[PDB]
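One chain is shown next in structure tokens, namely the form deposited without the partner chain.
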């Protein structure tokens, strides 16, 4: 793993300490030949939770193009899920335009779909 990245179970993680809109966070990870974090197990979810704390934080999961997709091609429907109860809900009520297309960890670790324009911290991941 590069300097300032954390090794965990054959992956390297980088935890931002500033916010970006989802698309810009996604681009940032690509610059590092990485991708927004893809969570595939309870063990990994806990690890990530442990390092982000109770803070809204972008992950590599979205439905901007139709169905839910992980940024690295990992299959959504057969994959791990940790949504907050009553999420995802594609809420339009924020009034910012559109529903909600981008997933983030919430303050309790569980996932919510939110407006992709929102600035949140993010996590990059690469595999060893």
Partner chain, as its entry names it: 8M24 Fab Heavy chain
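Numbering follows the first chain given and starts at 1.
This protein has a second form, the form solved in complex with the partner chain, left out of what is shown; the following refers to that one.
For the candidate set 28, 80, 83, 91, a heavy atom within 4.5 Å of the partner chain in the deposited bound form is found for exactly one residue, namely 28. Between 66-74, 99-107, 29-37, 44-52, the stretch whose residues reach within 4.5 angstroms of the partner chain in the deposited bound form through a non-hydrogen atom is 29-37. Among residues of the shown chain, residue 111 is not one whose heavy atoms approach the partner chain to within 4.5 Å in the deposited bound form. Contacts between stretch 42-58 and the partner chain, counted in the deposited bound form as any heavy atom lying within 4.5 Å, involve no residue at all.
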